[PDB]
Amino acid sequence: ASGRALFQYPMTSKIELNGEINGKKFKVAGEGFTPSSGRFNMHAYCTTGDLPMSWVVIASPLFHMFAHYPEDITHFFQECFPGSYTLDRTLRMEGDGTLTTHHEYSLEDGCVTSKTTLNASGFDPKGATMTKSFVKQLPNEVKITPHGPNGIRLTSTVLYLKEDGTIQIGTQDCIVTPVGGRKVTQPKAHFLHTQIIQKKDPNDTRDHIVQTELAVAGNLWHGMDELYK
């Protein structure tokens, strides 16, 4: 059983995230549900106190294997199993700071566990990330291309809405690498439409978020694959 055969829904998730921003250390944990392909949630919470950054900015650090892929594009993230992959991210909040994340995953009993680290340095203490002045991030198309002999690269530019109704940009660039000592067939260049919706659980007493991601792959520009060898 491998690949898409291993991703029979419903499934669940867990996360453990160790972080630091501008010298402030913190941790997050969470559990989530994946009812069906492409719709995946996460209820996460800060276990060290209040989160020292925006929940909106931490949303992309908080599971591409749950994306919904049509049959005509390779689902690289799912094809990495068994064996797994790592994700390495850089998120530049333009005019403000840069963070990086590293993710490792394992799959057991229908649950994907993420163990992630986050490092963020140089942020403005009156910026929106540290003052928690974001409301949401807008939906976006992540561009996925073959990268090196055995990985992929994911790139996006994200619009973050502040409380005053204006936008800040985050430039995001990620590399995914199979860690399974085996060759995984690269997909053609394509796009991943992604939306994040966040809310609060009225009862939960912790600093937390309840997040859903909807992620659907498509060959949005059929000529694009020709540019990536």
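Each residue number is its position in the shown sequence, starting from 1.
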| message | Going by the PDB record, how many residues of the deposited sequence fall between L62 and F63 without any coordinates: none, 1 to 3, 4 to 9, or 10 or more? | response | 1 to 3
| remark: Comparing mean C-alpha B factor in the record for 213-221 and 17-25, the higher one is 17-25
| query | Where do the C-alpha atoms have the higher mean temperature factor in this entry, in 121-129 or in 89-97? | reply | 121-129
| query | Whose CA atom has the top B-factor in the entry, of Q195, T47, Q172, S36? | reply | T47
| note | Sorting the chain's modelled residues by C-alpha B-factor and splitting them into thirds places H68 in the lowest
| query | What third of the chain, by the recorded C-alpha B-factor, contains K183? | reply | highest
| task | Could you tell me which third, lowest, middle or highest, the C-alpha B-factor of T145 occupies within its chain? | result | middle
| query | Can you tell me which third, lowest, middle or highest, the CA B-factor of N41 falls into for its chain? | reply | lowest
| If you rank the chain by CA B-factor, which third does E104 end up in: lowest, middle or highest? | lowest
